[PDB]
Number of protein chains: 4
Amino acid sequence: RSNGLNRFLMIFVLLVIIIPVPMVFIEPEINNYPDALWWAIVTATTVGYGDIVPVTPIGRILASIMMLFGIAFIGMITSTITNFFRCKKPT
Amino acid sequence: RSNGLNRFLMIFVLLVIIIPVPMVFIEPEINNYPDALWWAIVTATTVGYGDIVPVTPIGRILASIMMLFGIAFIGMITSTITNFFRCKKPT
Amino acid sequence: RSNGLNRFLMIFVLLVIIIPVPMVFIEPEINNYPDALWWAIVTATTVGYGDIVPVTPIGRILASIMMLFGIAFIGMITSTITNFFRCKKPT
Amino acid sequence: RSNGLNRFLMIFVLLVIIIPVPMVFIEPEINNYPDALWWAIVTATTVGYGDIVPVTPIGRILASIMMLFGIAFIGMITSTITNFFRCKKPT
Ligand SMILES: [K+]
Ligand SMILES: [K+]
Ligand SMILES: [K+]
């Protein structure tokens, strides 16, 4: 679907903005939103520097969701390119 | 195959649950199952924070399997999206 | 497009060369261009060792761009292979 | 090509075996082949724990090659799955 990419992008961007909020109050290593927002991208982009790591179960559970959405993001981006640069081959 | 995604998912989820078990008794850095379960996801999602790292050969051998299944997981997810959002183009 | 891969590659390679320049003068952990060039690849390849990590907001903003281009690079490489080894199936 | 996957796999596996050899004698953090072989996989699988990091230019140049082959490995695996589970859709 044409709105399929937009629907997955709006929910992914929403998480990378909302998930850092509880992470400030539940994690000791996370002491502010800019720090939490940074970690969320580092995790959702499947880069994982390790400079900010969740310790608490809830924090490690929320991190797991961000990783699962992180790999889904790559799959959504790769599909938006693989299906885009393949239709130009016949005509 | 329709059951092809399910067959790869049930064996992948099984490993992320079973592989953390020997990792507790063989690794010094891993001292419990929740810690081991956390590392398994961090590795299988190809994020790799480095907060928990295998030292022993067996632990580094089991980690290699988890990484090889980790990249295969992305390939399985990307294929389940690339082939899903391409069939809607003609009809 | 045939020049589509070249257009994305020339802008990606340009960033991995230009982005390390401000990173030397804005980050304390980055004290030279070879160090900065190394970090840029580690980030753009979505490997993320964590040996060099941005602290400053601007440095963490520039890093985010490099990560977003990093995942786009994998998507560009995977599409240049998935569409290349699929056209040889019928003829 | 049918032998296309085999040709890319035999050269990739060869590097993950040969590249760790100079890395022992050129890097201070790498003091043995099993340690070097471990780092090569961690890098070629684009996991990057950061437990073993190259310092020297040559070591950081060889690491860059391993990362470039690492992302190419994912692209080779994803293509071997995306084109495999798509031909079963019509017949
Ligand atoms: K990765
Ligand atoms: K990583
Ligand atoms: K990492």
# chains A, B, ... in the order shown; residues from 1 in each chain; ligands from 1
call {"tool": "interface_residues", "arguments": {"of": "chain B", "to": "chain C", "cutoff": "10 Å", "atoms": "only C-alpha atoms", "output": "PyMOL selection string"}}
result
chain B and resi 46-50
call {"tool": "residues_around", "arguments": {"residues": "residue 83 in chain B", "least_positions_apart": "3", "cutoff": "8 Å", "atoms": "only C-alpha atoms", "output": "NGL selection string"}}
result
(:B and (79-80 or 86-87)) or (:D and (82 or 85-86))
call {"tool": "residues_around", "arguments": {"residues": "residue 55 in chain A", "least_positions_apart": "5", "cutoff": "10 Å", "atoms": "only C-alpha atoms", "output": "PyMOL selection string"}}
result
(chain A and resi 26-29+60) or (chain B and resi 35+38+51)
call {"tool": "write_last_selection", "arguments": {"atoms": "N, CA and C atoms", "output": "compact mmCIF listing (two decimals), in the first residue's frame"}}
result
# COMPACT_ATOMS: atom_id res chain seq x y z
N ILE A 26 12.79 5.52 35.00
CA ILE A 26 12.98 4.11 35.37
C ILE A 26 14.46 3.69 35.35
N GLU A 27 15.30 4.34 34.53
CA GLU A 27 16.72 3.99 34.41
C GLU A 27 17.65 4.96 35.15
N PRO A 28 18.71 4.45 35.82
CA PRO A 28 19.66 5.35 36.50
C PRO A 28 20.64 6.01 35.52
N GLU A 29 21.09 5.26 34.48
CA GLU A 29 22.02 5.70 33.43
C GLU A 29 21.40 6.79 32.54
N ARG A 60 14.80 -2.85 29.94
CA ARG A 60 15.35 -3.86 29.03
C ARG A 60 14.23 -4.47 28.17
N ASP B 35 19.66 -11.77 32.65
CA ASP B 35 20.87 -11.16 32.10
C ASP B 35 21.24 -11.83 30.78
N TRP B 38 18.64 -11.17 27.95
CA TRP B 38 18.87 -9.80 27.49
C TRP B 38 19.99 -9.77 26.45
N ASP B 51 27.71 -4.45 26.73
CA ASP B 51 27.55 -4.43 28.19
C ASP B 51 27.77 -5.84 28.77
call {"tool": "closest_residue", "arguments": {"among": "A:5, A:30, A:19, A:11", "to": "residue 56 in chain A", "atoms": "only C-alpha atoms"}}
result
A:30
call {"tool": "select_by_dssp", "arguments": {"residues": "chain B", "states": "alpha helix (DSSP H)", "output": "MDAnalysis selection string"}}
result
chainID B and resid 4:18 20:26 33:44 57:82
call {"tool": "closest_residue", "arguments": {"among": "D:6, D:64, D:91, D:43", "to": "ligand 1", "atoms": "only C-alpha atoms and all ligand atoms"}}
result
D:43
call {"tool": "residues_around", "arguments": {"residues": "residue 16 in chain D", "least_positions_apart": "4", "cutoff": "12 Å", "atoms": "only C-alpha atoms", "output": "PDB file with N, CA and C atoms, in the first residue's frame"}}
result
ATOM      1  N   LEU D   9      30.462 -16.328  -0.867  1.00  0.00           N
ATOM      2  CA  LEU D   9      30.590 -16.984   0.432  1.00  0.00           C
ATOM      3  C   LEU D   9      32.016 -17.491   0.667  1.00  0.00           C
ATOM      4  N   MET D  10      32.651 -18.112  -0.357  1.00  0.00           N
ATOM      5  CA  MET D  10      34.008 -18.659  -0.238  1.00  0.00           C
ATOM      6  C   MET D  10      35.058 -17.552  -0.032  1.00  0.00           C
ATOM      7  N   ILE D  11      34.834 -16.343  -0.599  1.00  0.00           N
ATOM      8  CA  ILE D  11      35.761 -15.219  -0.451  1.00  0.00           C
ATOM      9  C   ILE D  11      35.523 -14.527   0.909  1.00  0.00           C
ATOM     10  N   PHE D  12      34.254 -14.480   1.383  1.00  0.00           N
ATOM     11  CA  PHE D  12      33.885 -13.881   2.667  1.00  0.00           C
ATOM     12  C   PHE D  12      34.444 -14.711   3.828  1.00  0.00           C
ATOM     13  N   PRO D  20      42.196 -12.007  10.321  1.00  0.00           N
ATOM     14  CA  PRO D  20      42.653 -12.040  11.725  1.00  0.00           C
ATOM     15  C   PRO D  20      44.160 -12.279  11.923  1.00  0.00           C
ATOM     16  N   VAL D  21      44.865 -12.883  10.935  1.00  0.00           N
ATOM     17  CA  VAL D  21      46.307 -13.177  11.020  1.00  0.00           C
ATOM     18  C   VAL D  21      47.140 -11.865  11.186  1.00  0.00           C
ATOM     19  N   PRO D  22      47.169 -10.876  10.238  1.00  0.00           N
ATOM     20  CA  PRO D  22      47.991  -9.672  10.472  1.00  0.00           C
ATOM     21  C   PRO D  22      47.575  -8.881  11.709  1.00  0.00           C
ATOM     22  N   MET D  23      46.264  -8.906  12.048  1.00  0.00           N
ATOM     23  CA  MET D  23      45.651  -8.199  13.177  1.00  0.00           C
ATOM     24  C   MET D  23      46.275  -8.557  14.536  1.00  0.00           C
ATOM     25  N   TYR D  33      45.137 -15.488  17.816  1.00  0.00           N
ATOM     26  CA  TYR D  33      44.238 -15.785  16.703  1.00  0.00           C
ATOM     27  C   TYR D  33      42.799 -16.015  17.186  1.00  0.00           C
ATOM     28  N   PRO D  34      42.496 -16.853  18.224  1.00  0.00           N
ATOM     29  CA  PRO D  34      41.087 -17.015  18.633  1.00  0.00           C
ATOM     30  C   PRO D  34      40.422 -15.670  18.964  1.00  0.00           C
ATOM     31  N   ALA D  36      41.344 -12.707  17.669  1.00  0.00           N
ATOM     32  CA  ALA D  36      41.279 -12.058  16.355  1.00  0.00           C
ATOM     33  C   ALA D  36      40.140 -12.616  15.488  1.00  0.00           C
ATOM     34  N   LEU D  37      39.938 -13.951  15.515  1.00  0.00           N
ATOM     35  CA  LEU D  37      38.881 -14.655  14.787  1.00  0.00           C
ATOM     36  C   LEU D  37      37.508 -14.222  15.311  1.00  0.00           C
ATOM     37  N   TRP D  38      37.395 -14.031  16.651  1.00  0.00           N
ATOM     38  CA  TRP D  38      36.192 -13.584  17.366  1.00  0.00           C
ATOM     39  C   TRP D  38      35.805 -12.176  16.918  1.00  0.00           C
ATOM     40  N   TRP D  39      36.782 -11.237  16.915  1.00  0.00           N
ATOM     41  CA  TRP D  39      36.615  -9.849  16.487  1.00  0.00           C
ATOM     42  C   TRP D  39      36.120  -9.782  15.037  1.00  0.00           C
ATOM     43  N   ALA D  40      36.717 -10.597  14.137  1.00  0.00           N
ATOM     44  CA  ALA D  40      36.395 -10.657  12.706  1.00  0.00           C
ATOM     45  C   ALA D  40      34.923 -10.990  12.465  1.00  0.00           C
ATOM     46  N   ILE D  41      34.362 -11.952  13.232  1.00  0.00           N
ATOM     47  CA  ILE D  41      32.956 -12.355  13.135  1.00  0.00           C
ATOM     48  C   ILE D  41      32.084 -11.195  13.656  1.00  0.00           C
ATOM     49  N   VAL D  42      32.371 -10.693  14.885  1.00  0.00           N
ATOM     50  CA  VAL D  42      31.699  -9.573  15.573  1.00  0.00           C
ATOM     51  C   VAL D  42      31.578  -8.345  14.620  1.00  0.00           C
ATOM     52  N   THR D  43      32.602  -8.136  13.763  1.00  0.00           N
ATOM     53  CA  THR D  43      32.691  -7.058  12.778  1.00  0.00           C
ATOM     54  C   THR D  43      31.948  -7.434  11.468  1.00  0.00           C
ATOM     55  N   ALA D  44      32.206  -8.640  10.914  1.00  0.00           N
ATOM     56  CA  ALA D  44      31.593  -9.125   9.670  1.00  0.00           C
ATOM     57  C   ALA D  44      30.080  -9.383   9.807  1.00  0.00           C
ATOM     58  N   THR D  45      29.589  -9.579  11.042  1.00  0.00           N
ATOM     59  CA  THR D  45      28.163  -9.795  11.313  1.00  0.00           C
ATOM     60  C   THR D  45      27.473  -8.456  11.642  1.00  0.00           C
ATOM     61  N   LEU D  62      41.864  -2.417   7.650  1.00  0.00           N
ATOM     62  CA  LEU D  62      41.461  -3.821   7.517  1.00  0.00           C
ATOM     63  C   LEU D  62      40.067  -4.047   8.111  1.00  0.00           C
ATOM     64  N   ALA D  63      39.744  -3.322   9.208  1.00  0.00           N
ATOM     65  CA  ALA D  63      38.448  -3.371   9.883  1.00  0.00           C
ATOM     66  C   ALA D  63      37.357  -2.814   8.978  1.00  0.00           C
ATOM     67  N   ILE D  65      37.315  -2.812   5.650  1.00  0.00           N
ATOM     68  CA  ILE D  65      37.109  -3.820   4.607  1.00  0.00           C
ATOM     69  C   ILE D  65      36.129  -4.870   5.137  1.00  0.00           C
ATOM     70  N   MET D  66      36.363  -5.347   6.381  1.00  0.00           N
ATOM     71  CA  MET D  66      35.552  -6.345   7.088  1.00  0.00           C
ATOM     72  C   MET D  66      34.110  -5.847   7.308  1.00  0.00           C
ATOM     73  N   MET D  67      33.940  -4.533   7.543  1.00  0.00           N
ATOM     74  CA  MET D  67      32.633  -3.901   7.718  1.00  0.00           C
ATOM     75  C   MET D  67      31.914  -3.820   6.376  1.00  0.00           C
ATOM     76  N   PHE D  69      32.445  -5.751   3.802  1.00  0.00           N
ATOM     77  CA  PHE D  69      32.110  -7.131   3.445  1.00  0.00           C
ATOM     78  C   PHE D  69      30.989  -7.642   4.355  1.00  0.00           C
ATOM     79  N   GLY D  70      30.915  -7.081   5.564  1.00  0.00           N
ATOM     80  CA  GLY D  70      29.909  -7.409   6.566  1.00  0.00           C
ATOM     81  C   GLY D  70      28.508  -7.038   6.134  1.00  0.00           C
ATOM     82  N   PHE D  73      27.488  -9.102   3.125  1.00  0.00           N
ATOM     83  CA  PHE D  73      27.100 -10.434   3.574  1.00  0.00           C
ATOM     84  C   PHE D  73      25.605 -10.471   3.872  1.00  0.00           C
TER      85      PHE D  73
END
